Amino acid sequence: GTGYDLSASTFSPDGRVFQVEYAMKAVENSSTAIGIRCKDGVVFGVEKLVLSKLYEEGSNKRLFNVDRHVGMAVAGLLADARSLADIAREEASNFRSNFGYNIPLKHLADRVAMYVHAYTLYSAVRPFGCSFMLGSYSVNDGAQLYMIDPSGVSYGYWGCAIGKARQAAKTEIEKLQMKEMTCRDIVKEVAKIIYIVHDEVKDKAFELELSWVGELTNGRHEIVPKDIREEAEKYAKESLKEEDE
Amino acid sequence: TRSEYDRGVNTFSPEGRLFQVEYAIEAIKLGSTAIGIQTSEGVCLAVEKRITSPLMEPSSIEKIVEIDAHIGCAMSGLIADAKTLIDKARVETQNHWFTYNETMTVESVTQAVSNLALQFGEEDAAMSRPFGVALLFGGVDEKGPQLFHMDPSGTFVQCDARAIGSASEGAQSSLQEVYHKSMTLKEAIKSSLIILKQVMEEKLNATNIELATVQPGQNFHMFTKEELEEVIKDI
Amino acid sequence: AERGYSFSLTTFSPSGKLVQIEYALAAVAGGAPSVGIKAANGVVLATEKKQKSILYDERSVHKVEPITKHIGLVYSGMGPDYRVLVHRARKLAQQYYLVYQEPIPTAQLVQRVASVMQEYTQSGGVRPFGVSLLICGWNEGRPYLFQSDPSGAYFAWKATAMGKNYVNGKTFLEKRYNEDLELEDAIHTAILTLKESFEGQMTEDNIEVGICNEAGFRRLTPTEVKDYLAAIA
Amino acid sequence: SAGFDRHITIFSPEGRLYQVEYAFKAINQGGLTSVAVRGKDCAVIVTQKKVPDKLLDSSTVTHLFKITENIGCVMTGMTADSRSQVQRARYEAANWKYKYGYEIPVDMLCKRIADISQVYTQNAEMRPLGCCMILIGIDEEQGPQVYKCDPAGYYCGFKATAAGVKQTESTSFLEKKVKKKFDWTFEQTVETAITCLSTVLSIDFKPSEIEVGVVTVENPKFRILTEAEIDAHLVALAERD
Amino acid sequence: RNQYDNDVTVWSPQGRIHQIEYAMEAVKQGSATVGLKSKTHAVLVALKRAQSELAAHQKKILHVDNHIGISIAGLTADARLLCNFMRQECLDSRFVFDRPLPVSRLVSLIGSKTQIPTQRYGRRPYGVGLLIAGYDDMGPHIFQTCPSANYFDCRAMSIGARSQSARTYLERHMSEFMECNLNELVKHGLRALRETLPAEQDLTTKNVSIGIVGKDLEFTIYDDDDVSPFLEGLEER
Amino acid sequence: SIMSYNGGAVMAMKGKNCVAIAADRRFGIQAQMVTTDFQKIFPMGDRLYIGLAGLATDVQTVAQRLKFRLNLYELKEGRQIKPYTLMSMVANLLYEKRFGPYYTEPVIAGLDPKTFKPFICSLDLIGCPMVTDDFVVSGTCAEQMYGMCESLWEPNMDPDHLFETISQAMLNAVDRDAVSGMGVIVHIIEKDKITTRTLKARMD
Amino acid sequence: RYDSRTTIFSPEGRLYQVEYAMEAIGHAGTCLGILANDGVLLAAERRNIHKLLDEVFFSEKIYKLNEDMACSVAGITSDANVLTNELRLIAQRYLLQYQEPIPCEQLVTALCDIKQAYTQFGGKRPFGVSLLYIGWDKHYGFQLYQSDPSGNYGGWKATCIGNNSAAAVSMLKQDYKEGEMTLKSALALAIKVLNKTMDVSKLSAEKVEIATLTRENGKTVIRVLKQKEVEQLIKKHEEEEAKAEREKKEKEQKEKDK
Amino acid sequence: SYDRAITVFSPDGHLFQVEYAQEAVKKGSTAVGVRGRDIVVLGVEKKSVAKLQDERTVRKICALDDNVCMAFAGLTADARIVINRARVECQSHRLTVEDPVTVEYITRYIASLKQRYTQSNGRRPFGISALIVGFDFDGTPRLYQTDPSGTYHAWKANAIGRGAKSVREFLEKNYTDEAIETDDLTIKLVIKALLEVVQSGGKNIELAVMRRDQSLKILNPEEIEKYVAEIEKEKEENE
Amino acid sequence: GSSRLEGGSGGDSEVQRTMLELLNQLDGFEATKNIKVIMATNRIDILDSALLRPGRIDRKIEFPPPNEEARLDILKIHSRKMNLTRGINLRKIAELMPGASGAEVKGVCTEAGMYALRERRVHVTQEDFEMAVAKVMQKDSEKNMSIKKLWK
């Protein structure tokens, strides 16, 4: 082996810590989670993989509610993802307890990024093996969407995609006028993009998990209703047939 | 290949095995054999004492010890770990009596000792390796006579008859052949001594064995020289 | 050599060496030249402040720093470790002052700083201080010049040089140093010893010198250093 | 000598800290470059700004941070480490203002950060986070000040510096430009910094692919120049050069 | 490998972490257990092993607070530790809030607790897989937890050595579930254990444990002669 | 009062190139006398005596802890503690326990080891050093001691004259103090001699 | 390989790290001590006597532990300083507790127990310093002890540690009177053995330091002999050696005549 | 490869480093211990000392309390540490319960201490063996033996150290009721046992005797010489 | 022939085999008839105990550096073929050379002769021998006072 890739506290003779890169490799092996920031909201879509017909519907949710007004879409080791969701929930709770108002998403992203960097600093713990996205909307700050990765970088975004099909998802997102779309249509676009990037002969089973947080929810993140998800799924299948034609 | 997987008690092997627990269980065999038999009339313990030389008075090899007035322990493995677990059992029985004002059941005391034994590297108990000692708690409680076997991994289970120690594999077969539920305590003593004489390289006579019994009634009794000779007369 | 016994600081090599502290001393010897001369009525410390470029503002980070009104300190080795040690020396001097309402003797300050270095050279998770300190004080009525090593050993010196060319510096000081030397002559001796191991033109603003007389330790201003360089040349 | 390489606390037989050197290599790993120059009465930091995607919010993407009201920094290296060290610098400045009642001097904040880094270089608990921080501020008695806080505890003060991939080229260019009339004005300093970056990178800058922060004696508050100001500087100075 | 699977703290150069996989292998050294649920019941059924024909059969169903039971497959030390933790959590919830702890929250607590070891070098991942059967006001629940700290809400699942036979049977017959009487539900579980059993072997009252929870039925464990009404009714192959 | 429990009485004066530290001798608990040979002046050097006076427990404890600290200091330095350094050491020792004090009031008197110039000082129970040039007094009957010293002190005394002055001051103060005074021990420290004397007194 | 830690037993039962420290003591400057019914004394060589070194401290190897005890250190400088401070602390703690000087054997036992703990516990290398203690206590009068890196100590009439300790101890064994040695004879023997063990030209007085502990007027006095006294002793020894050589030359001349 | 760690089982089940502690014990001088009707005796080899060395600081027989003595074989510094801790525990048990420490109690405490040091991985086992001879408060000549592993037994006569095996075999052969029928034949037996390993026999022998209610008495060298003379006379007579 | 190493990747098994063959030749079957062996080494502590065993190496002769009398002898031996001036004291030179080997003494003579050669001379004097002694017994003592003063 390299000899410098054990422990996240060792710099290779290039300035590279390889444990963080291996964590990034681990996240770049999972299902695809995308998120698009429309003008009046943010929509997360995830192509959850039903790994067995035994699991009930809604098992292994990769869309968490990290505080009432903020949604989280994870991609990678789901155990680490749940732990990070708990960490972010605790950070938002502490913010609301101390300062007395809903945590700004920029600040929440920075806090969780600092936590992930804490775990990538040391040799007694391994870097978090998952990426995730934090989305929210409020009247006084506007729709926001951030992405955090195992190395702990918290760049903002207009459209993001993490997982196996990230490059294809970004390519299919660039061809969208997100800055002037509304939630009711960006949800359908999210479903279409997820269906296009999904691989049927490799991943077999599939379930689309959608959520939005936007003006039409009063800044309250929630799972997209049943009828809306059904209509978006129907539109995505029709669009798949159209693209095939 | 078991060189990167059996150097620590908190490292799994590709098969999912704790080789250090395996090795403690192996260290069990280095002790002298001990046969316990559970019967409707009580429970019997009979152990091969292994006097290395004279001048070591017999009441220093404690293979059979007393836990409360209604349990005995037949031990096999490291003497130090044996002492630790026996002390834990005694203190736990006394604590349960102090709190609830009753006698701890054999199953419950074995469970407490096993609970102590589980904590190999669990960083909140301090022991760092499995206790290399296997125990037979034979006692009497409200459920009638019972005998329980505990091993280094902390696993315990009742046993209508069991044999631990060096001659465990070769004596449990004899126990299987000879044991039946409708057996009296005298029959159990005779059969256990017969198996011990079978599996011992030394001759069975007076010393080099210990025998004890816990019955629904009189407390845990360790047969002295007179009783040992009387039984050995016509084992 | 004893290759295995050179990565740890808590194991003796078969011959008794503590190889890692010797490696720390090698890091010391691979540092900027510094010289210390104990004059008859004072002490002088010098050290090259040559910068790697014209951009380095050579007035912000100093190498000859005071620790009390009567003690000062220069170093040869790594600058960060030097900063740590000067802060600790100041703290120790202040503790001694609070306990005893009296400025800490130079010998005592050296003892305590050497104790700090010993503390840092007695474990496996800590790196020994890769510097050698030259402490110069005016305790009592006579001057003191001491050296402190990463190993925690401290010396009393008449005059010494440490850094890249310490051998040449010490030979030069053997040639030139005489015990009954006034501080004014010792300053010239210090600057000449530096010149003998100073590449490039020894301009007044790339050399740092500090004196320690009965008036207390003081880092000479660049104007004064320029005057001394002009008088020497 | 490769055995003395996997631990931050092991001295090489010749007395070298290979893990610290590797932290510097890590500095030279973000691809970006940064330059800083101080005039008579101003200090300027300019950083290459890469936004290699239309979906990435350029407003959030940045390497210029406001450590306090009157101190700014440009960070180069790993982004997570950069932001961690920026938070540490803000916390230290806040503590200084709380304890001592006046704003932290730039040199003091640099010394604090350098000491924090030296601690990690000495003890073996963390890796030395691989980022380089260039701080700029206005000191009431000294004037404009530019400093570096490399990840080994070294923090010399600078007339003009650079960090990142092309630090050597930028250093040579700034040496040449400072040997001749180091006395620069606000516009001249911005010219020198932007020209240094452009020449070392071998590219002419769009108003967006560059980020400039400035402090001046007249207005001693770290200001990040907007796109209009950057474009004005580029066009006017390229025209009148 | 050979330097990337010594501890849980090192990522292999493939985005893969090896000691967690080794614990997930340890889960297969246990014994077969099948959990499943109707619309008003939840049933765990376990194949108890035997260390000798004299020693009794190791218990595999443990009793967490009245509305929750657990079926274990893997290291018995970790089984004991997790059972104690679950019991303590249920007791704490019933002490603070005068109501039973929801199963979906108990499993989240278990997931966090079991994930902590999978990231820090102070311990090994809990080498025990769990089938948690419970009945909260929402409805009967069957959960699976694996040493990786991942939990799945299963409508019917199986774990342990020789598990795929039972899992295939469950996949084939799960359409029947929900609209089943308790007897039919237990019979389906017993059929799943029969499928995982070697052909020559068969389910006997000695080696079968049956835990049942549900509406108006606090978690009850049937062992020894208690399973007679189930095995006796069960049809033969 | 706490001091009045065990009583006690100590004084120090200085003339020319000599100091005189005097102290009563008694240990009685509250009113009953116990012994009459209680050591209240402890030698911390060749020419440096401390004169702890107050609660007997604290007198002994402070003497012993101060000797511990001073032996460490002298061995570590190679010097002999100067009177000012000893004053600072005792002040630090006493103030380390401000919140719950050593109920004793030290009185240091000695000669500077190098210039051999006199030094006298007194500390309160929390460590407020008070260097004076004429005389210090501690313990019960501080009012009597102050009156005597004021009315009998004169600058630039010689050993015998200072002996008489401090003798009269201590005797007349203790004879008017009740809880303290069963004999007076006077130590006079000069450039080369220590004169220790066991003055007559109202032994009642 | 059974020497990677201080707390590792060799398969033969040997602590190789402790043995390494014991052997490494051989690098230290030769210190030695002689016990006389009149008093006790140490002598020690200055390994490094560079002309540019100052002489700030009156003694480099001989420290005064308390009123009635002194000790010579031989080994690593940092460890020696640590242990000297700890010895002073132990002695003064005993004095605070009991109000009488710590007996020499008790002080040696305390420090050697510290050394044993270092050899036994965790990741701590053993103290690489040997010590020679001289003292006087009310129980056994003048005493001389020696202590190793391993925390083992013994009581000796005469002994030597450091460089050429084997030669020095053999010489003392040859030329020490078990019960009829006074302080003057002890000093003469010390000079002799130092001259024959240093193996560096003539016995330069500036390269040796001698200390003597004796009871006087009921108080112990520890005196580090001044360079004048050391020079006088060396000169007397040189005169004695020259006289012996003259006698041998005269014997050779008589043999030639015969 | 299953070595160098105190807490690592070898695949055979052996903790090898405690066994190495025992192997370190084997490098000590012979120490015999015998018990009689009213006498318990410990003999030890002296190994002699350089004539310049003092003797009183070389102790192998140390009285832990009034009614308990301990003979040593192993590493000297570990000897000192364990003896000091045993003395502390004797006088602390006296405080806890107003009864003198029993030989069994004190040997159990010493064994527990050794086990405590063998348990962890940041500690080195006490490479010593000890013979604890004493009288219980009722009066009974008890003799125990503790090993570096923390296991203690009760013996009637045993030897530890260099000549352990030979001396123990001889004691097995020549230990009898008629040989311990009184308070002097036991001492004869101990000197006889030691003479099988110590060449000199008079300058390499120390005997310590404990009689009921009597403080430990160390026999004078002249008394040792007289006893060895008695054994020599008996040997030549019965030849 | 030196201490044997465990047969592995880091052991000279072939040189070990050569040494084993030499051992067998020195003392195995069919002992040698009239062959006598003179081995020479500069450090004996590393030789294999099999070689050092008696019967193979019956006798072991140490060669201590000359004790000033052997040094006077060596000076005479190596100055016999030399034009020594009157008043030249080889005893004084021997005293000036403590702990010097015979090679050092021969080099002393050679270097004094070279000093004579330099000044077109065939003449050696006491000054020449003293300068030769200084030039030949030149010691490279430790440079660094820190490394020198680690040990007390």
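- Its PDB header attributes the entry to cryo-EM and lists the resolution as 3.1 Å.

1. A look at the pattern of salt bridges
Opposite charge on two side chains permits them to pair, given that their charged atoms come into close proximity.
In step 1: Per the stated rule, a full pass over the model turns up 91 salt bridges over all chains.
In step 2: A salt bridge links A:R16 to A:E21, with the shortest nitrogen-to-oxygen separation between them at 3.0 Å.
In step 3: Given the relative accessible area of 28%, A:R16 is considered partly exposed.
In step 4: For A:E21, a relative accessible area of 30% puts it in the partly exposed group.
In step 5: E:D78 serves as the salt-bridge partner of E:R124, at 2.8 Å between the closest nitrogen and oxygen.

2. Overview of the interface of chain G and chain H
In step 1: If you look at the interface, chain G gives 38 residues, while chain H gives 33 residues.
In step 2: Between chain G and chain H, roughly 3,000 Å² of surface is buried when both sides are summed, and carbon and sulfur atoms account for 52% of that area.
In step 3: Considering only the surface of chain G that becomes buried against chain H, G:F9, G:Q120 and G:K173 emerge as the three largest contributors, covering 22% of it.
In step 4: In this structure, the connection of chain G to chain H is made through three salt bridges.
In step 5: With a shortest N-O distance of 3.4 Å, H:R56 and G:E105 are connected by a salt bridge.
In step 6: Remark: the boundary between chain G and chain H carries 16 residue pairs in polar contact.
In step 7: For the side of chain G that touches chain H, the secondary-structure elements that each account for two or more residues are α3 (104-120), β7 (153-155) and α4 (165-174) of chain G.
In step 8: At seven residues, the largest contribution of residues to the side of chain G that touches chain H is made by α3(G).

3. Regarding the sheet that holds strand β3 (residues 64-67) of chain B
Residues and elements named next belong to chain B.
In step 1: Across the sheet, five strands lie side by side as β3-β4-β5-β6-β7; this open sheet has antiparallel pairing. Pairing within the sheet leaves two strands with one partner each, and these edge strands are β3 and β7 (156-158). Strand after strand, the sheet turns through a mean of 25 degrees between neighbouring axes, direction not considered.
In step 2: One ladder, built from four bridges, connects β3 with strand β4 (residues 71-77); its direction is antiparallel. Across the sheet, the residue bridging to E66 is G72, located in β4.
In step 3: The strands touched by helix α2 (residues 79-100) are β3, β4, β5 (133-141) and β6 (144-150); relative to β3, the strand with the most contacts, the crossing angle is about 20 degrees.

4. Regarding the packing of aromatic side chains
In step 1: Counting across every chain of the model gives 40 aromatic pairs over all chains.
In step 2: Between the aromatic rings of F:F135 and F:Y146, the centroid separation amounts to 6.4 Å while the plane-to-plane angle is 55 degrees, which identifies the pairing as tilted. In this pair, F:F135 is assigned in strand β8 (residues 135-139) and F:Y146 in helix α4 (residues 142-152), connecting sequence segments eleven residues apart.
In step 3: The exposure class assigned to F:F135 is buried, which follows from its relative accessible area of 7%.
In step 4: Cluster of aromatic residues (ring-pair linked, three or more members): C:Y144, C:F146, C:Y154 and G:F57.
In step 5: The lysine or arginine in question, C:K50, covers the ring of C:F198, its NZ or CZ lying 5.4 Å from the ring centre.
In step 6: Residue placement shows H:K226 over the ring face of H:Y227; its charged tip is 3.8 Å from the ring centre.

5. Considerations on the side chain of F:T85
In step 1: Summarising the element assignment, F:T85 is placed in helix α3 (residues 83-95).
In step 2: For F:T85, a relative accessible area of 2% gives the class buried.
In step 3: Polar side-chain contacts of F:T85 include one of 2.7 Å to the side chain of C:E102.
In step 4: Apart from the residues within four sequence positions on either side, F:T85 is in contact with C:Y100, C:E102 and F:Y73.

6. Remarks on helix α3 (residues 103-119) of chain H
Residue and element names in this part refer to chain H.
In step 1: The end-to-end C-alpha distance of α3 is 24 Å, a good match for the 24 Å that 17 residues give at a rise of 1.5 Å each.
In step 2: The element α3 is largely enclosed, with a buried count of twelve among its 17 residues.
In step 3: Of all the residues in α3, the buried ones are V103, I106, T107, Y109, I110, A111, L113, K114, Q115, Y117, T118 and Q119.

7. Topic: the nonpolar core
In step 1: Judged by nonpolar contacts, the single largest core of 57 residues is most densely connected at C:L109, C:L133, F:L86 and F:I108.
In step 2: Excluding residues within four positions of it along the chain, C:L133 makes contact with C:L73, C:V74, C:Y75, C:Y82, C:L85, C:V113, C:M117, C:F146, C:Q147, C:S148 and C:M162.

8. A word on the environment of A:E209
Residues and elements named next belong to chain A.
In step 1: Position of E209 relative to the elements: it lies in strand β8 (residues 207-214).
In step 2: Residue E209 is classed as buried on the basis of its relative accessible area of 7%.
In step 3: Considered as a pair, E209 and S123 are 86 residues apart in the sequence and their alpha carbons are 36 Å apart.
In step 4: Apart from the residues within four sequence positions on either side, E209 is in contact with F44, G45, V46, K48, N60, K61, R62 and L63.

9. A few points about the interface of chain C and chain I
In step 1: Between chain C and chain I, the contact holds 15 residues from the first and eight residues from the second.
In step 2: Between chain C and chain I, the buried area comes to about 870 Å², and carbon and sulfur atoms account for 69% of it.
In step 3: When the area that chain C buries against chain I is broken down by residue, the three leading residues are C:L25, C:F155 and C:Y166, summing to 43%.
In step 4: Where chain C touches chain I, the interface holds three residue pairs in polar contact.

Procedures and definitions
- Residues numbered from 1 in each chain as written, not as in the entry; some residues may be left out.
- Chains lettered and ligands numbered in written order.
- Part of a larger assembly, values for the part shown.
- Heavy atoms only, no water.
- Salt bridge = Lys/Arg side-chain N within 4 Å of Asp/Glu carboxyl O.
- Buried < 20%, exposed > 50% of the residue type's maximum accessible area, 1.4 Å probe, protein only.
- Contact = heavy atoms within 4.5 Å.
- Buried area = accessible area lost by both parts, 1.4 Å probe.
- Polar contact = N/O pair within 3.5 Å; in protein donor to acceptor, adjacent residues only side chain to side chain.
- Helix = DSSP H or I, 4+ residues; strand = E, 2+ residues; numbered from the N terminus.
- Pairing = 2+ DSSP bridges.
- Axes fitted to C-alpha atoms, helices over the stretch in contact; angles between N-to-C directions.
- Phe/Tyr/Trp six-rings, centres within 6.5 Å; stacked < 30°, edge-to-face > 60°.
- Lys NZ or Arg CZ within 6 Å of the ring centre and 35° of its normal.
- Expected span 1.5 Å × (residues − 1).
- Core = buried A, V, L, I, M, F, W, Y, C linked by side-chain atoms within 4.5 Å.

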